[PDB]
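Notes follow the structure.
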Amino acid sequence: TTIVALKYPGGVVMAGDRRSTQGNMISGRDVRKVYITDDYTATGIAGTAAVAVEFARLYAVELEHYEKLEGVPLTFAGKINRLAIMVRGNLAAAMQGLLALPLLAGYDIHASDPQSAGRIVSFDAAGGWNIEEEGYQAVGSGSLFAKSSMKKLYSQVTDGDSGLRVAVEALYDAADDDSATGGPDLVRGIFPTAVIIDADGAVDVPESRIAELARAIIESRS
Amino acid sequence: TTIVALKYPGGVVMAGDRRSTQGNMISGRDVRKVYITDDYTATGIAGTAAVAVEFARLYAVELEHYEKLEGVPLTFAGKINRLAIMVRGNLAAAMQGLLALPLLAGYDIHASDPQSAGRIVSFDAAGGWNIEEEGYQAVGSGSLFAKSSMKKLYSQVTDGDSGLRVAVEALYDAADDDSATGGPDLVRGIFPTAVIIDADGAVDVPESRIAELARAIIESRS
Amino acid sequence: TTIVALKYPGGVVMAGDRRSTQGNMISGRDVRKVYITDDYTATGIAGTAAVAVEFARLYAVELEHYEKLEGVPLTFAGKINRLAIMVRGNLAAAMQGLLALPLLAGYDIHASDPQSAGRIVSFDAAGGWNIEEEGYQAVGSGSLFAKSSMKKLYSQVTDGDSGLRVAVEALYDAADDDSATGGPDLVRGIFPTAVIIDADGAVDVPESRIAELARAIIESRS
Amino acid sequence: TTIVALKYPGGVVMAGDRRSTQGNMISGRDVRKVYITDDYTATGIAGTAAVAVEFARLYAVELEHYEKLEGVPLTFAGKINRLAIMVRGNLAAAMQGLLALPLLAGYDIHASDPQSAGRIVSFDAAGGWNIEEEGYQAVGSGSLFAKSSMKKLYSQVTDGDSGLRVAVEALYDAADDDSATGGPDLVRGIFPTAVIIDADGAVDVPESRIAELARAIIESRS
Amino acid sequence: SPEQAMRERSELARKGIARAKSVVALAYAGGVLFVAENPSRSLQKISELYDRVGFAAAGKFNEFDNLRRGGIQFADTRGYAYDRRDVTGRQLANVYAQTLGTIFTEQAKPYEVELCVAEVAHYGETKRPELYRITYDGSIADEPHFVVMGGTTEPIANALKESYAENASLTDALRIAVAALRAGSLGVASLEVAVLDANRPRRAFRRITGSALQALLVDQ
Amino acid sequence: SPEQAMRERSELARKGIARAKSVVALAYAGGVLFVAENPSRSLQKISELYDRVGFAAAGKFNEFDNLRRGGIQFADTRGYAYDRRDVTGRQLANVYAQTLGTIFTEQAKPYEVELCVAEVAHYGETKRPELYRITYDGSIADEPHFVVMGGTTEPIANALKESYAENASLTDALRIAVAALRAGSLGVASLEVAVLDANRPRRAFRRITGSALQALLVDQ
Amino acid sequence: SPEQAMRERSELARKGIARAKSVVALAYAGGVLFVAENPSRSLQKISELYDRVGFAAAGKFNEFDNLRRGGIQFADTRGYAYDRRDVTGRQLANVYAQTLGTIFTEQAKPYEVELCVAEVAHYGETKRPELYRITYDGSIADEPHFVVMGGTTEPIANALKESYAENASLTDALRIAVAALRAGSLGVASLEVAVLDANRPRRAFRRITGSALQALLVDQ
Amino acid sequence: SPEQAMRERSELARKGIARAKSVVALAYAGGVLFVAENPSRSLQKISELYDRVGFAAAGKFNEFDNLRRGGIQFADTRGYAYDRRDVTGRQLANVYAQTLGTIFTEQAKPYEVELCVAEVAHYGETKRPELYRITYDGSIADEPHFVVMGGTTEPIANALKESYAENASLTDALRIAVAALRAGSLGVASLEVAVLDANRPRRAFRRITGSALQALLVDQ
Amino acid sequence: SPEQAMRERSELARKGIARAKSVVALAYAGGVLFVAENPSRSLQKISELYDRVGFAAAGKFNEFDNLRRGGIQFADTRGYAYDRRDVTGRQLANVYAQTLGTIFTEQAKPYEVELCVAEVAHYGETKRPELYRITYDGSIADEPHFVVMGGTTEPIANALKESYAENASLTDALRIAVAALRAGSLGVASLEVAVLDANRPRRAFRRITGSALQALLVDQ
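What follows is the structure, given as structure tokens:
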């Protein structure tokens with residue numbers, strides 16, 4: 020697994036692969052690891068797959084639940100706190116094996132300068148969190164590789180499509196070194212998923228522009 | 020044990036053997052491992068036999084219970100979720116020994132293109148699930164072998180009877196390598212059970228067409 | 020211990036020895052291991068002797084309790100289920116040591132062809148169960164031997180008295196190889212107990228026809 | 020410790036020594052191990068001394084409690100069952116160390132032939148029980164020895180005083196081989212206690228006829 | 028008015044009992060005979076409790092069927108706790124009396140029922156079959172011969188005060204009963220009949236079916 | 028006034044029942060027919076309970092829909108506990124009788140409903156379809172032929188006392204029913220109809236849709 | 028009217044007591060004699076509690092049989108907690124007084140009973156047999172000679188105020204008792220009799236059977 | 028007077044309803060329109076519940092806002108339990124009916140509210156938008172066209188009985204509504220308006236703001 | 028008389044309110060002004076709740092001081108649960124409305140209070156300060172301009188209906204307030220005054236001390 024989030028002028032992008040390893044034996048090649056939580060929040064989750072789809076799904080309901088109740092979405096501050104609680108209330112499990120570690124990406128519609136309204140918040144197994152303020156972050160089996168490649172390719176981030184390419188290139192760079200990450204599968208037509216968030220909202224990036232982007236990176240390296 | 024499910028144009032087929040191993044000593048040769056859960060859902064279960072017949076039976080009741088109550092069967096989405104909960108609420112047990120791992124096969128009468136309405140959902144010991152979207156899946160002692168044979172014979176899947184033969188051939192291929200799987204017993208007249216699901220419903224495939232199919236595979240290999 | 024049940028045209032017979040081993044030192048030679056549960060149901064139980072007499076006794080009360088309450092005896096299906104629950108509700112114990120494993124023999128007065136109305140249900144430590152559909156089954160210290168001898172002598176089963184001899188001969192064959200099983204004690208006049216079930220009901224086979232039968236086997240082998 | 024019960028024509032006799040071992044160091048030489056529970060029931064208890072006097076005492080109260088309440092003493096069947104429960108409700112303790120194993124001797128005033136109305140019921144650590152139907156039984160540190168000597172001396176049992184001698188001779192034979200059993204102490208004047216039960220009731224055998232009986236055995240062996 | 032309050036309760040119940048159907052049990056040669064008018068095919072007013080003890084009640088069904096279960100509940104348990112031979116029906120009489128007694132005080136509306144527990148000696152043993160009548164208010168009395176309850180008893184009871192054949196035959200007692208029952212009012216093979224056959228080995232209960240019933244039934 | 032109190036309750040309930048719509052079920056050739064007037068498209072007064080047992084009630088909706096669930100609740104559980112074949116509807120009758128019985132005592136205001144549980148023999152087996160009527164106060168009675176409840180019954184019931192064709196055809200019984208229903212009052216394909224098809228393999232329930240209904244419906 | 032309320036309770040109970048049968052116990056040479064009229068064969072109004080303490084009560088059966096058990100309940104426990112010799116009946120008197128006291132306040136309707144606990148010295152030891160009377164309202168008093176309760180006492184009690192032989196014989200005291208009992212009204216070997224035989228080693232209770240009773244019984 | 032008691036309750040509630048503001052919802056081309064007079068800027072009488080189901084109520088605010096939450100509470104849970112697609116609003120109608128039903132019996136004073144749950148088919152699917160009216164006493168009915176509640180309805184309801192354009196446009200239906208609302212009484216851009224846009228992909232709720240409102244609003 | 032009962036409650040409360048002192052809050056240029064007559068030095072009728080929300084109440088002290096705490100209780104928690112910015116006072120209004128609503132039903136005697144929650148926009152942001160009035164019975168309404176409560180309001184309220192300067196200055200609004208307060212009756216620097224200074228960075232509450240008060244106070 021490798022999830023990665025990027026901050027560009029307009030807002031933020033987040034994309035993660037779809038491999039699923041059990042031992043050193045592939046057991047999935049199509050897993051959705053990144054989900055849209057609400058209009059301006061997307062969340063990717065690494066570790067145990069069972070807790071993964073559950074966090075995303077449950078969180079999303081809690082956010083919308085607050086909105087329907089109080090009539091207004093939570094502060095970005097709130098959104099961060101709720102997710103943080105959720106993670107702590109799972110330490111018991113995580114201790115034994117069921118470890119699920121989120122990565123939050125969002126757009127603060129209330130941020131002072133709505134060109135820095137892109138947010139990336141990484142999370143701690145114990146329930147901690149730091150607002151990244153460094154443009155890129157990654158969590159997972161090969162995040163270490165992504166973060167280190169993405170370090171070089173960050174200058175290249177200019178805008179939406181610009182940033183997205185660096186994301187997809189890190190995920191490729193990761194999978195190239197972490198056997199548990201899994202890069203773009205041409206033979207089968209399986210490509211990492213992605214979500215972008217700007218002032219307009221958060222939307223799934225169609226595999227089309229990703230698959231295209233993927234081949235760009237493959238050929239250029241070739 | 021080896022259960023396997025196949026997706027063909029009309030819908031889905033699922034079949035699993037009937038061997039039962041206790042140590043390396045046979046203790047059953049007639050176990051029903053695949054059950055029809057409701058009109059469009061069939062469920063097979065591997066691991067501990069006690070939890071097996073209990074999952075299938077109990078699940079079935081819960082599905083029908085919702086229907087009688089709310090007046091309408093669950094979304095396929097719901098059907099997946101309920102089963103998933105059930106599996107998580109058994110982690111405690113599975114940890115110690117009582118491990119029961121389901122494989123869900125179904126027909127979404129509400130699917131967009133009712134020729135892709137065939138569904139296969141594999142399940143995680145912790146309560147996870149991935150909609151397979153790859154045509155074949157298998158769980159059990161020799162699933163690893165089935166999946167790897169069925170990989171080659173998938174092109175051959177054309178229609179109901181067509182897919183069913185590939186299923187029974189995988190089960191034969193499995194039992195040929197997994198001593199705990201058990202292929203077709205001619206001497207005693209015991210053959211793997213199967214269930215098919217298409218727009219019309221889910222129905223037990225009579226051993227007749229299976230036994231026939233079995234001999235086909237035995238002779239052709241012979 | 021060795022309990023064994025046989026299916027013949029009329030119905031079913033079940034018989035088990037009376038040895039009781041504690042270490043490799045005899046501590047009983049007269050234990051009733053097979054009990055009539057109700058009119059058409061007999062149940063034998065192996066493993067810990069304390070749980071044995073308790074299962075049989077308690078079960079029997081539960082069956083008759085349903086009848087007195089609802090006015091009609093349970094389905095054979097129900098009878099199976101209740102026993103199965105009981106067994107699961109003892110896993111806790113069985114894990115530590117108190118293992119009690121039943122074998123159910125019965126006559127389904129509702130069976131389609133009342134010449135196949137003989138039923139044998141073997142049980143799983145976890146609470147599983149398979150309807151044997153193979154004519155013979157055995158549970159216990161030397162069941163492995165009985166089942167394997169009774170495999171050869173099954174063709175010889177023709178009717179009540181016919182089947183009963185094969186049962187008693189397996190119990191003899193078992194005790195001849197399992198030092199914890201205990202065959203017929205002439206010197207002291209102690210012989211395995213038996214129960215038969217046919218359309219008429221379930222009745223204890225008087226030691227007379229057993230003792231007689233026992234000598235037959237001893238002499239013929241002699 | 021060694022307790023032993025005997026069945027003779029009139030009824031039953033039970034007698035046990037009074038040694039008390041702690042390590043391989045004597046810590047008692049006068050312990051009452053056999054108690055009269057009610058008019059026709061006597062109970063001896065081996066293992067942990069704390070649980071011993073408590074079983075006997077508490078049981079006795081429970082029996083009389085039923086009588087005072089329902090106006091009639093329990094069936095001998097009931098008496099057996101109550102004691103059996105008591106023993107199971109102590110498994111928790113017995114597992115750790117506090118093991119107390121009873122031996123029940125009684126006279127069924129309701130028995131068919133009131134010359135076989137003598138009863139001996141041995142008990143299982145888990146709460147099991149078998150009505151002995153073999154005349155003699157023993158429980159305790161040197162029961163193994165008593166039972167084996169008493170095997171030869173059983174023919175000699177003719178009547179009350181007759182049986183009683185065989186009892187006291189087994190207890191002497193036991194103590195002669197089990198250092199934890201303790202035979203008759205002449206120097207200090209301490210002799211095994213005994214209780215007899217016939218149609219008339221259960222009464223303590225006065226040490227007089229025991230002490231006399233003891234010397235008989237000592238001299239005859241001398 | 029705690030005193031006057033209790034009178035109202037009695038009333039309400041005593042009335043319900045009356046407006047309900049009639050039920051009679053009596054002692055005969057082979058044990059105890061249970062007979063009550065009941066048009067229904069499934070709703071039974073007479074039932075087994077334990078090996079040698081029978082239950083029969085009249086009144087509001089859902090109320091006595093409840094108690095019927097509770098009995099079977101209590102009995103079975105008691106027999107597992109100690110032994111079969113240690114259930115008495117005299118016991119169950121106490122229980123019902125206790126229960127109904129509480130109901131009549133605690134529950135808002137007291138149960139509209141009247142009950143009858145009957146025991147008949149064990150297989151071998153020979154002993155005088157015993158009958159108990161438990162009322163709505165928890166009062167309990169035992170008739171040595173026959174018990175009537177539900178509807179208007181006086182005429183049905185009176186018919187028996189004479190028609191009672193101390194050592195009747197099954198067919199004779201049934202005859203006596205059905206005729207004695209008509210006295211408070213017909214009386215077709217469309218009613219509920221069962222007996223406690225002292226002669227039976229273990230379970231001393233047996234319901235009298237439709238066809239075999241006719242063989243014994245009284246002409247009017 | 029514990030006695031007079033109970034009369035007031037009865038009243039309050041009995042009234043509600045009357046001011047509500049009419050519901051009728053009856054025995055026909057292939058099983059039991061359920062028909063009740065209902066303008067609504069979604070709020071159903073007739074429902075399945077278990078494999079071979081149907082539920083139909085009239086009165087205050089939110090009250091009987093609750094009971095309807097509770098039934099399905101109880102049934103499913105019972106069938107998992109023991110076996111499918113061990114649910115009887117005679118059972119559910121007892122339960123509803125118990126429940127309503129309690130309500131009528133404990134709850135402030137007693138339920139304004141009247142209920143009907145109906146069973147029809149299993150697939151192969153052949154047996155006389157059975158109907159049960161459970162009233163607001165917990166009383167329970169079983170009709171062998173037909174049951175009417177809600178609104179004014181006397182005219183609707185009377186029409187049936189004659190129009191009842193013992194062994195009617197589906198279309199014939201429907202005809203009889205709708206006409207018998209108009210007797211207390213129209214009667215358009217704008218009402219609720221379903222049957223317990225004894226002929227069906229397992230689930231013996233089937234609702235009669237709008238189009239197919241017409242094919243069998245009675246002219247006025 | 029908390030004050031007037033309490034008067035109503037007293038009344039209701041005091042009445043029930045009167046309409047119930049008569050029960051008497053007294054001090055004689057060998058201990059205490061228990062005698063009460065009772066047609067029943069199984070329903071006993073006199074019972075053992077502990078080694079040297081007897082229970083006798085009159086009133087509504089199901090109510091005092093309950094208390095009877097509770098006593099035996101309390102006693103047995105107490106004796107296991109500490110020792111046999113540490114149960115006093117003076118204790119049980121306190122308990123019954125406490126219990127009935129609570130009932131008369133908390134329970135809807137107060138118990139319609141009157142009770143008597145009697146102790147007679149241990150085997151060897153010699154001490155004046157003691158009698159206690161516990162009333163429905165919880166009041167408790169101890170007679171040194173004899174206790175009467177149930178029905179109308181004045182005549183039965185008065186007969187004893189004179190006929191009481193301080194150191195009577197068993198047969199003499201029985202004579203005195205049965206005759207003193209007839210005073211409030213016959214008196215056949217069809218009643219309940221038992222004694223606390225101070226002479227007995229441990230369990231000082233013994234019921235007087237039917238045959239042996241006759242040997243001592245009073246002619247009228 | 029359990030009967031008369033209930034009438035008083037009805038009254039008290041029915042009154043409160045009247046003295047409160049008016050609320051109306053109806054079926055139009057694109058789904059369901061919610062409109063109610065509300066001077067407040069923050070206290071809303073109309074709300075989203077789940078994806079395709081809307082809530083609108085009139086009465087005592089703190090009482091229906093509570094229920095509004097409870098709904099959202101129930102819905103979200105249900106959707107996580109099974110799936111989004113398995114929440115119906117017909118469900119929420121049952122729940123509200125159950126809740127208010129209980130309140131009207133258990134709670135001291137019954138809730139002074141009237142509610143409306145409205146569902147409009149999922150994105151792709153096309154189905155007739157459904158409306159439900161839940162009253163204070165727990166009664167529940169479903170209008171196929173339009174629902175009025177709070178204040179005096181007769182004139183507002185009557186205006187709609189005619190002005191109802193079966194397949195109205197958004198602007199047309201709003202026009203119809205506001206005018207139909209003035210019928211019971213002004214009607215300025217100072218009120219609360221939202222719709223269930225069947226056309227919307229997932230969340231089918233949208234509140235009509237102040238500026239955009241004007242574009243569609245009716246002249247008086 | 029559940030209906031008449033509620034009227035008595037209203038009365039009792041409404042009375043207590045009147046016999047208590049007067050409290051008024053209003054919207055001015057820099058936020059909201061809190062002014063109420065209070066001779067006490069320590070017992071405060073006006074308080075901070077959260078960053079941007081103020082509490083003011085009149086009535087029985089021990090009752091509203093309780094609620095005051097509960098508010099602070101609820102607020103702080105809520106802010107830690109989610110974030111500071113997610114407390115609204117509109118929320119606290121709901122809560123107080125819920126609480127008082129419950130009290131008015133469950134508690135023996137309903138609270139003799141009337142409350143006011145006031146919010147004023149966060150530091151940078153500019154928004155119309157909002158005022159809420161929560162009554163004893165749980166009713167809730169929001170004034171856009173000013174709120175009066177405690178004692179006789181009509182004269183004090185009327186004085187404001189005219190003297191209200193939409194965009195007043197602090198000193199101007201205070202002048203207006205104190206004078207408007209004297210209208211229902213003096214008015215010395217011996218009373219309680221505090222404001223919600225929208226201008227303040229975080230904690231928008233500030234109490235007006237004794238000395239600095241004089242600088243702004245109105246001559247009479």
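Residue numbers (the working numbering), protein chains in the order written: chain B, 20 to 241; chain L, 20 to 241; chain Y, 20 to 241; chain V, 20 to 241; chain U, 28 to 247; chain A, 28 to 247; chain D, 28 to 247; chain G, 28 to 247; chain C, 28 to 247. Idealized CB from N, CA, C, for every residue including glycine.
### Task
For the segment 68-88 of chain L, enumerate the residues whose C-beta is nearer than 8 Å to any C-beta of chain A, in chain order.
76, 77, 80, 83, 84, 87, 88
### Message
Check for me: the alpha helix (DSSP H) holding residue 98 (chain V) runs from which residue to which?
### Response
95-107
### Query
Ends of the alpha helix (DSSP H) at residue 85 (chain L)?
68-89
### Query
When the cut-off is 8 Å and only beta carbons count, does residue 92 (chain D) lie next to chain U?
yes
#### Entry: Alpha-carbon spacing of residue 168 (chain L) relative to residue 181 (chain L), whole angstroms
16 Å
### Message
Please report the straight-line C-alpha distance between residue 91 (chain Y) and residue 157 (chain U), rounded to a whole angstrom.
### Response
27 Å
### Query
Could one say the Cβ of residue 107 (chain D) lies closer than 8 Å to chain V's Cβ atoms, at least one of them?
yes
### Query
Hey, which unbroken runs of the alpha helix (DSSP H) at 4 residues or more fall wholly within the segment 221-246 of chain U?
237-241
### Task
Quick one: list the residues of chain G neighbouring residue 220 (chain B), beta-carbon separation under 9 Å, in chain order.
Those within 9 Å of residue 220 (chain B) in chain G number zero; the least Cβ separation is about 12 Å.
### Query
Any idea if residue 150 (chain A) is buried or exposed, counting beta-carbon neighbours within 10 angstroms, 16 or more meaning buried?
exposed
### Query
To the nearest angstrom, how far is it from the Cα of residue 45 (chain U) to the Cα of residue 131 (chain U)?
18 Å
### Query
Between residue 216 (chain C) and residue 240 (chain C), is the Cβ-Cβ spacing less than 8 Å?
yes
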